[PDB]
Amino acid sequence: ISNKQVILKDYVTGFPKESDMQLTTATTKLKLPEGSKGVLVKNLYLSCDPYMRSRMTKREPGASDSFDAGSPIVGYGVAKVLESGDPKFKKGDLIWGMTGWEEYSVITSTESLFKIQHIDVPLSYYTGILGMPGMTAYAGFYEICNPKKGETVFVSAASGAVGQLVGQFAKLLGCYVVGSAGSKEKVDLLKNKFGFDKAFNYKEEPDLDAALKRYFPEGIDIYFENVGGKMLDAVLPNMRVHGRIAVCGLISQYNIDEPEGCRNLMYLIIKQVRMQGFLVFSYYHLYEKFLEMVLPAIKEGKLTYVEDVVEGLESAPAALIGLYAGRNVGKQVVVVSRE
C-alpha cells in the first residue's frame with residue numbers, strides 16, 4: 001500500500017519554509033511490528049498547532065522534544081485503528097492523539113490516545129475544540145485565571161482554537177472580553193461569530209497601549225497570553241490590581257524580527273499580578289469533565305468553533321507554513337482521508 005508522508009528534511013534555523021519538508025511516497029503492508037504494544041492507524045485529520053513551530057529547531061530535552069530529521073512530522077490527529085497490540089484498542093476504533101504526517105502510522109504506545117465515542121460531531125473537532133486546544137483553553141481559563149463574573153479579560157491570538165474557546169468561556173461566565181488578531185476578517189469573526197465584546201487588529205495599531213485603553217479604560221483583570229513580545233509589554237501597564245496573566249504560549253518569540261525581552265515586569269509589583277505558566281499535559285485528568293461541559297454546549301450552539309480546512313497531505317506543508325506566518329483563519333486542519 002502507498003504511504004505518502006511529510007518528511008522533515010532539515011533541522012530549521014531561520015523562519016520555517018515549505019522546502020524544509022519533503023513530500024514522499026513510502027510503502028506499507030499494514031502490519032503491526034511483531035511484539036508491538038501500539039496501534040497501526042489510518043490517519044484521517046491532522047492539526048497544525050502553533051506549538052509545532054518550536055519543534056522545527058534541534059534541541060536536547062530543554063523545551064516542553066524537537067522533530068527527527070528524515071522522519072515524518074508528528075502532531076495531533078484523528079485516526080482509525082487498523083491493528084492493535086494493546087487489547088484495550090480494537091480494529092475500527094476512532095482515536096485522537098499524537099500521530100505521523102502520513103497516510104498510515106504506527107503509534108508505538110497507546111497511553112496518550114483517546115477513543116472517540118461521540119461521533120455526532122465532526123471528527124475534525126477532536127483536533128481543536130474537543131482536542132488538545134480545547135482542553136488547553138479549559139485548563140488555562142478555569143484552573144489558572146481564577147475568573148469571576150464582571151472581570152475584564154484580554155486574549156491574544158484570540159482567533160486561534162485556544163483563544164476562541166477562552167473568549168467564549170469568559171463570555172459565558174459574564175466577563176467583558178476583548179481579543180487581538182492580525183486582520184479585519186479575524187477581528188470581525190471574534191465579534192460576530194464568537195461573541196467577544198470587542199477586538200482589534202494589532203498589525204494596524206500604532207500604539208498598543210492606546211488600543212488597550214480604548215477597550216479597557218479601567219484595565220485588565222485577566223490576560224490569556226498566547227503570543228508574548230510587544231503585546232505582553234503593552235498589557236503589563238494595563239493590568240488591574242491582583243490581575244492574572246495565564247502564560248499559555250509565547251509564539252512571537254520564535255520570530256527573529258519580534259522584539260526580544262519583556263521590559264515591563266515592574267508592573268507585576270505595582271499591580272500585584274500573578275503571571276503563571278502552565279502545560280495542558282498536567283490537566284488531562286479533567287478531560288472527561290471538560291467533555292461533559294463542552295459537548296452539550298456545542299450541540300446546543302452555546303459554544304461554536306472555526307476551523308481552516310486544507311484538503312490532502314500534499315497541502316499540509318503550505319498550511320503549516322501559513323499558520324506560522326499568521327495567514328490562516330481559525331484552527332488549521334488537514335483532511336488526509338475522510339474514512
Side-chain angles (χ1 to χ4, degrees), residues 1-9 15-28 30 40-53 55-56 67 71-82 92-105 107 116 118-134 157 159-165 181-183 185-186 188-189 193-194 298 304-339:
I1 304 309
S2 282
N3 190 15
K4 295 191 286 219
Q5 305 176 306
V6 178
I7 300 296
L8 185 71
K9 180 179 65 179
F15 181 87
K17 45 197 188 298
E18 286 185 43
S19 68
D20 296 324
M21 287 167 283
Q22 178 65 58
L23 283 153
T24 198
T25 308
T27 67
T28 180
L30 300 182
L40 164 71
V41 303
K42 179 174 193 189
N43 296 127
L44 305 180
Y45 302 88
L46 299 168
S47 195
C48 301
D49 297 320
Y51 82 89
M52 287 169 75
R53 169 69 181 279
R55 299 187 76 178
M56 237 88 157
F67 298 137
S71 293
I73 297 285
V74 291
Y76 288 107
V78 171
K80 181 180 164 285
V81 172
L82 306 180
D93 284 346
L94 292 167
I95 60 179
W96 75 266
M98 192 70 75
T99 195
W101 281 28
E102 57 190 338
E103 294 181 82
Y104 302 97
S105 296
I107 305 178
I116 293 158
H118 300 75
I119 67 113
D120 59 339
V121 72
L123 287 179
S124 59
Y125 281 29
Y126 290 93
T127 65
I129 184 167
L130 297 172
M132 172 282 285
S159 67
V162 177
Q164 286 170 31
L165 196 62
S183 72
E185 180 177 26
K186 284 171 192 156
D188 289 350
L189 198 61
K193 176 71 167 167
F194 292 109
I298 295 164
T304 192
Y305 174 64
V306 170
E307 46 180 23
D308 189 337
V309 154
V310 356
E311 263 305 317
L313 201 59
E314 298 82 358
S315 299
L320 190 61
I321 299 305
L323 172 72
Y324 293 166
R327 286 184 307 255
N328 60 301
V329 188
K331 215 276 310 178
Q332 183 68 267
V333 195
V334 180
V335 186
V336 176
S337 185
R338 214 96 37 178
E339 334 89 307

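Numbers for residues simply follow the sequence, beginning at 1. The figures that follow rest on heavy atoms only: side chains count, while hydrogens, waters and symmetry mates do not.
- Listed here is the closest heavy atom pair of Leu313 and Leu23: O-CD2, 3.9 Å.
- Contact check for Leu165 versus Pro133: no side-chain heavy atoms found under the 4.5 Å cut-off.
- Taking 4.5 Å as the limit, every side-chain heavy atom of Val310 sits out of range of all side-chain heavy atoms of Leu46.
- Judged by distance alone, with hydrogens and angles left aside, the side-chain atoms of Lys186 form a donor-acceptor pair with the main-chain N or O of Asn328 at under 3.5 Å.
- Surrounding CD of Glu185 are at most 12 heavy atoms belonging to other residues, nucleotides or ligands under 6.0 Å away.
- The closest side-chain heavy-atom distance from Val306 to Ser159 is not below 4.5 Å.
- Side chains of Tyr126 and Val121 form a contact here, defined as non-hydrogen atoms less than 4.5 Å apart.
- Within the 4.5 Å cutoff, side-chain heavy atoms of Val335 are placed close to those of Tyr45.
- Looking at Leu323 and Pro50, their side chains come closer than 4.5 Å, going by heavy atoms from C-beta outward.
- Tested against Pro72 for a side-chain contact (heavy atoms from CB on, under 4.5 Å), the candidates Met21, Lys4, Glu102 yield a single pass: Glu102.
- Side-chain atoms of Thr127 do not come within 3.5 Å of backbone N or O of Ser47 as any donor-acceptor pair.
- The backbone N or O of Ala26 lies less than 3.5 Å from no partner atom in the side chain of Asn3, so there is not a single donor-acceptor pair.
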